[PDB]
Amino acid sequence: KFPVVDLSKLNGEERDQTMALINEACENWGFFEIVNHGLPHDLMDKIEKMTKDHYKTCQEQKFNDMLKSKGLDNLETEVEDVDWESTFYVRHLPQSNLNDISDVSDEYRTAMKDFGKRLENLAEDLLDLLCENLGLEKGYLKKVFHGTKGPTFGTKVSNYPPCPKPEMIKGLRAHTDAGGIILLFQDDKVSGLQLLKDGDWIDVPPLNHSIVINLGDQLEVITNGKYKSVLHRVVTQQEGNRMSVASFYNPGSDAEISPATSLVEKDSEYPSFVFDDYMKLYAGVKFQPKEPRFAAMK
Amino acid sequence: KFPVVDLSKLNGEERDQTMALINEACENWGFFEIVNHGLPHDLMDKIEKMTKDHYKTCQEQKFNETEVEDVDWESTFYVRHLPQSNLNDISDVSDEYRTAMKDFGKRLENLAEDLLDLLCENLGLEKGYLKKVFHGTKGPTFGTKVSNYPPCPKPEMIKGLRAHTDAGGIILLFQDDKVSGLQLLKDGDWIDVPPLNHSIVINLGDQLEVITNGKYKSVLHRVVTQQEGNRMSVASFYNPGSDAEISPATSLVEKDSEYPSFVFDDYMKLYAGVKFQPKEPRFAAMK
Amino acid sequence: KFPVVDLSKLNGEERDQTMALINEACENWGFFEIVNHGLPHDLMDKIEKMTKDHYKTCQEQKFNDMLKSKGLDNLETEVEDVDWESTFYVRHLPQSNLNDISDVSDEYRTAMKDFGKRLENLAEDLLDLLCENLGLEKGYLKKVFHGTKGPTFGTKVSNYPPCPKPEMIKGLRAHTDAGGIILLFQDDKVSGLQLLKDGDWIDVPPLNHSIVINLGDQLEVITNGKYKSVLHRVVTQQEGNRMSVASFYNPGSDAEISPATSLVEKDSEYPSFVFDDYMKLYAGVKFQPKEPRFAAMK
Amino acid sequence: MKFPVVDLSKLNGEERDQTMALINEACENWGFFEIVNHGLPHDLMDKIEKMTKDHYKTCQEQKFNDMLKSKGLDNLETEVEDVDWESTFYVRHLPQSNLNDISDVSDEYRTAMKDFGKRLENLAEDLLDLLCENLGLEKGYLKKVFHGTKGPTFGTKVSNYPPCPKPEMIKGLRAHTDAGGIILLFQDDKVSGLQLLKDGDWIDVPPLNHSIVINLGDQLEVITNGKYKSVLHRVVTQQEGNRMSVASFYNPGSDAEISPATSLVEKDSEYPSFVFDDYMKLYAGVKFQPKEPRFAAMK
Amino acid sequence: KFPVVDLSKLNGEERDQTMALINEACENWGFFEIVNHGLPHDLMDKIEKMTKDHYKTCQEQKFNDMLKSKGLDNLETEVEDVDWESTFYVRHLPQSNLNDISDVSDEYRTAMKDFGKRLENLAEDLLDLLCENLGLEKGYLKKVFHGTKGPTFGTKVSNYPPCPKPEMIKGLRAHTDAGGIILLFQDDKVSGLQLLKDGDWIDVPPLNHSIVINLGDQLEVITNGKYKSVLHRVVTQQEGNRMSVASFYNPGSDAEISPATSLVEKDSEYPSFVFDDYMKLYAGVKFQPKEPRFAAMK
Ligand SMILES: O=C(O)c1ccccn1
Ligand SMILES: O=C(O)c1ccccn1
Ligand SMILES: O=C(O)c1ccccn1
Ligand SMILES: O=C(O)c1ccccn1
Ligand SMILES: O=C(O)c1ccccn1
Ligand SMILES: [Zn+2]
Ligand SMILES: [Zn+2]
Ligand SMILES: [Zn+2]
Ligand SMILES: [Zn+2]
Ligand SMILES: [Zn+2]
């Protein structure tokens, strides 16, 4: 059963049990859903509606332009080198480009700014729960992530349109995320996101007004492997356009990333590096195995 | 006019003038300061902070009447980065200091190689030539000497470090930005290497004098003490590998060279015993 | 782009450009940094070393005993009524108390006296540049500031020690300065001082051997609002102790302060008052809005 | 992208700051603006307009048709880029008035023109003082700069743009920037035609009853060190409609020294320092060529 | 310092800095000289000799004829409506008229043909360097320029003979060029060509065996203003006849010109049009301001 965490149970004497659920999702799933997370359901509903309307208005034509430009009109053999995906990226931190994206509406930009700020505070709240579960001092992960200019925080807004031949192409090929903590607002009707657990692909179930959390490669390093970043993918379907609004809380470019000493006894197998060196490498090898990227930092 | 090179001026119309200043420093100064070098000022501030605080906790107590010309008024420990790091084996260094030194050392190694490629361009050598010469079998040798020069009641009796030339390739110095002391010998005068915030001091060692057939000479330098003030020094040495073959680059030689061809580790074995004696007998000894 | 004025550029016709830059900073920034100001760099280096050593020797434990008496160990909630600040004050004029600060060395007292005299001369040179830019006669501002016993001149020696939770407390809360012209020798590594400009907090960047200049409330009155006194604050940080040696060149206590008539066309909105009445009021309301203090002098 | 209209009566009251800020925005971003409630009597504007239009019909229209005949512009077979489809005469007010020397004007027109020009000269100097305040200059700075030895130069160009059968072949007045200081235009309130270039589009300066159109010339671009630029403008023709134009030019005296104001120059200016009459002698010959070479020619 | 680019440094490890110089000249100068290009120095020397000998035998007559019918033998005052210039035009593409110019020699035509082909290939190589510097796809600008019949490529062969009173008339009045990329073989002793930069006329220095490159109006549109076409002129002198062999690589007549979408964020201020409509208009208004010609294409 996929972990669903009720964050409102942290405000009372059920808080220890909630923390234990968070910790075991972090150790064994790499993913969990959160409900009662404090984000207004009214804000999620308009983010959802304006994301979908901005797709028809602005992204659908770019998407078909892409399928023509790569011959994906007609899928007669398996395509393992492209994602059946429509995306644009919004940067929040350290410097916002929200007011420079030309094709987004005023009210969409205002909703995205509010949504991004609330998710940034929720990311930092979640990192503190991780710290507590890890036996780290409060604020430890936030301070590691800061670097010189503060954390990097952006939002990937994706749609995975219907695919006539889902067997032939993935919406997004299997990978682990490079960063710190990932907070996903996904479609509540159209499924597609899957994680790999114990040798099976497991669906990340659509759930109304929920946020999906998962941990990236940097948290595997800092926890000395105690919390691993898990492989995940998006599969297409013939009917349905799955919406994806995923926010990435990453260390600053010059943050020093290393295994926390209190989590290391035997010499660590994980490297110590500067985050931007990891991200330069990751961009070119995102869909290749994760383990060579750690070795490359030594 | 001590040369200060602005590395941000390399991308542009003004790059020819920046390169000419670098070349002119290499030929006639043997030293130059670089600013806007790409190293984060917050990493330098941490390095300086932890270096000075590591002195007071670990070295200052341990550190505790006529001319003394055979001793250096100096407190030092050494960190090895390449070919193989001993950073996790220096006992008296803290985790934050060790993590900062690893990051700082990696950035200085990349900056050293960028500087070697600027030298190559000014010398008319192909890019990567000096890096390739320095590699040997195991790669270049790269380490950092962390020094403090504490106050001396009688500075005219003892030097912080006696006059010498450096044996190796290129030296990248992060020095105190308030307390002076480092001097180079130029045209028969001792010249101060001026403290400058968030700068790196570059100087060339004996190996680059050989490879350039004397076009860039390694210059004598020293550290003088002072009565008040503890000058910090974080100096990184980018050296050829032990079995690198060092010889004058053929394109810089027309008339037969006066400089020898040798293997770097034979020069270093010799250098250790005669570091404060004249440089010129060390070149002759390699023939 | 924060104004940095090179005082060596007064010696040509760059002088017009330099004067125009000073005027622009006075009108729109309220702050500017000066370089090549004539203060010996070796005297500044001594002042800094001795201030930092006097903090460690005399104030750091005194400071730590204060956070116990005021419960600032645990910053579990926001503190808006205290400054995370260690200070003492040195009065130079009209009457010196330099020989009464008990825990300072002969050599610190002798250096501070020399430093103070040089800053007093630089303050008066700067006031004459303001006079020229305003079209006032030479010495106009010095004469207004004189009163009967001469200007008031003192130095505030501050350190802002590291704060575990900088989000909770300011090093010094937002305020404008009551006085005439303020000449600040600040830490050249540790930032923290910010001014408010166009609705944003802007850092006053550390710059080695520079002096930071800002204008106080009295100059806003004399210029009939042409040069306004700008809000500024000091923020803390988690690792770094920012030093501040700030000298205040203020009118004499019984000086008559009023808008210079040549700067007044329409009847002024600013009061005419005696400086000590302004200062007696300011002491109690320093971190409250500035504008009621002008109204209270009518 | 609304054309700026400034209510000058709002300077007399609590909204003076907001009005000054609007004027400053128009000076930086449009180079043109319309003013209303400007103090010129609406009945004097009506008489000027009536007498200008009747003087065209009785005295200028025959000359205009005869001008085309002599240049063969009866037949707009192809584009004309070197002629203005324009009927004009010029009235000099300062430093020396020639009003009593124009032969074909009535005494009533001459008296109204003298009264109109005097009020416009006073309004020009009032506006220059608003610019001074917005620029941080001393009161009267621009008037003092413009004075030279004999005072400012002030004249009025009285133009009509008669109907043109083929407007796409010829402009009423080709694109240019004005050489001088501040230009105060009383234009037709029905017939449009004046356009300015803004952000790569021609923008109509909309006819507005009893308004005055203000624009800034090349000399104020120099003095403000480029903060207020002189903007390109033109007059287009139409097939029917005769647009009237009464435009007054407040210019520095001939021997006035023009340079960027010292308080606006924090680094070396790209703009020259020169004597105004040298700029004008050059401008007369290259008025419809680019502006920027004229600044370079003064160095 | 006027930009001089060594094109042989593109074949090696200095190529990035060479590209950076090209991009800098394109953004800030609109002009640059190239050395070590592909053109044999003996071909340039022969083009220069035969151009100058063709002036004396064939063009000097037409030039004095011109001065006759325009009354320009004696220059009492400024002439602002004519150029002190002797020209004939050679068309190469889409169709050559080289074998139809009656007064050109066999060997001049053969040299002119070889010269034109090498400059056409150098124009296309240079356009690809601009593409790379602009982040456009390889061949992008050549494809835009093609239309139906291919690019237009021609050569303007000019001489600017000595003028007794150079103050009175220009060799060629200030203008921007209408087309794509302009490749000039100019006199290496007699100067005269100037560009306008930062409010100053700057000489384009004569240099042995060099080619002067500048960008026309079409590249400003396609780059959305990132590379502007800059005003330039030729001044006369009393002693000296400056030679000018200028080759113009322009889009085909029916090419669609518009800002490249990857260079546009906010709505472009530049029009989208068909090139021949721009050229029809330009011919009549060449020496009037540039900006109204862009406005006219909307
Ligand atoms: O696009 C991704 O890589 C993604 C999106 C949401 C959650 C995890 N990963
Ligand atoms: O210790 C040395 O020999 C040294 C240190 C820094 C720079 C140059 N030389
Ligand atoms: O303590 C203050 O109020 C202060 C200090 C330095 C500069 C400005 N203001
Ligand atoms: O005739 C002109 O040049 C003019 C007329 C009115 C307004 C601006 N310019
Ligand atoms: O004749 C021209 O317009 C020209 C000639 C060469 C270079 C630029 N422009
Ligand atoms: Zn992912
Ligand atoms: Zn050394
Ligand atoms: Zn203050
Ligand atoms: Zn005009
Ligand atoms: Zn041209």
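Atom set for the values below is all heavy atoms of this structure, side chains included, hydrogens, waters and symmetry mates excluded. Lettering of chains follows the sequences in order, A, B, ..., and the numbering in each one begins at 1.
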Check the surroundings of atom NZ in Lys113(A): do more than 12 heavy atoms from other residues, nucleotides or ligands lie under 6.0 Å from it? no

Suppose we screen for salt bridge (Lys or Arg N to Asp or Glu O under 4.0 Å). Which residues come up paired with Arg173(C), at least two apart in sequence or across chains? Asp83(C)

Pair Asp276(A) + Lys280(A): basic N to acidic O under 4.0 Å: yes

Does the side chain of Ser229(A) pick up a donor-acceptor pair with the side chain of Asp217(A) at under 3.5 Å? yes

Using modelled atom types only, decide if a donor and an acceptor are shared between the side chain of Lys197(C) and the backbone of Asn28(C) within a distance under 3.5 Å. yes

Ring pair (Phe, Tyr, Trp, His ring centres under 6.0 Å): which pairs involve residues 112-136 of chain A, sequence neighbours left out? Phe115(A)-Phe185(A)

Under a 4.0 Å threshold between the charged nitrogen and the carboxylate oxygen, would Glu76(C) count as salt-bridged to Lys165(C)? yes

Per-pair distances, 0.1 Å, donor-acceptor, side chain in residues 143-150 of chain A, under 3.5 Å, sequence neighbours excluded:
unit_1: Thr148(A); atom_1: OG1; unit_2: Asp254(A); atom_2: OD2; d: 2.6

By salt bridge (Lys or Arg N to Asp or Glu O under 4.0 Å), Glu256(A) pairs with (sequence neighbours left out) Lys46(B)

Around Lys298(A), counting heavy atoms of other residues, nucleotides and ligands shown, do more than 12 lie under 6.0 Å from its NZ? yes

What residues, two or more places apart in sequence or in another chain, satisfy ring-ring contact (aromatic ring centres under 6.0 Å, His included) together with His198(B)? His41(B)

Between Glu85(A) and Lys156(A) (salt bridge meaning N to carboxylate O under 4.0 Å), is one present in this structure? yes

Test side chain to side chain donor-acceptor pair (under 3.5 Å) applied to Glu33(B) - qualifying residues, sequence neighbours left out: none

Considering the options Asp177(B), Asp42(B), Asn197(B), which one meets the side-chain hydrogen bond (donor to acceptor under 3.5 Å, both in side chains) requirement together with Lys189(C)? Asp177(B)

Output all residues satisfying ring-ring contact (aromatic ring centres under 6.0 Å, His included) with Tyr89(A), sequence neighbours left out; order by chain, then residue number. none

Tell me whether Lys106(B) is salt-bridged to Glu109(B), with the criterion being a basic N under 4.0 Å from an acidic carboxylate O. yes

Only counting residues at least two apart or in another chain, list the ones meeting ring-ring contact (aromatic ring centres under 6.0 Å, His included) with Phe32(C). none

Single hit among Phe31(C), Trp29(C), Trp201(C), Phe287(C) for ring-ring contact (aromatic ring centres under 6.0 Å, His included) with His232(C): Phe31(C)

Partner set under ring-ring contact (aromatic ring centres under 6.0 Å, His included) for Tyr270(A), not counting sequence neighbours: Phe294(A)

Qualifying residues under side chain to side chain donor-acceptor pair (under 3.5 Å), relative to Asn133(E), sequence neighbours excluded: none

Of all residues at least two apart in sequence or in a different chain, which pass the salt bridge (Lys or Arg N to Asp or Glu O under 4.0 Å) check with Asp114(A)? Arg118(A)

For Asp177(A), check salt bridge (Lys or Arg N to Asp or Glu O under 4.0 Å) against everything at least two apart and list the hits. none

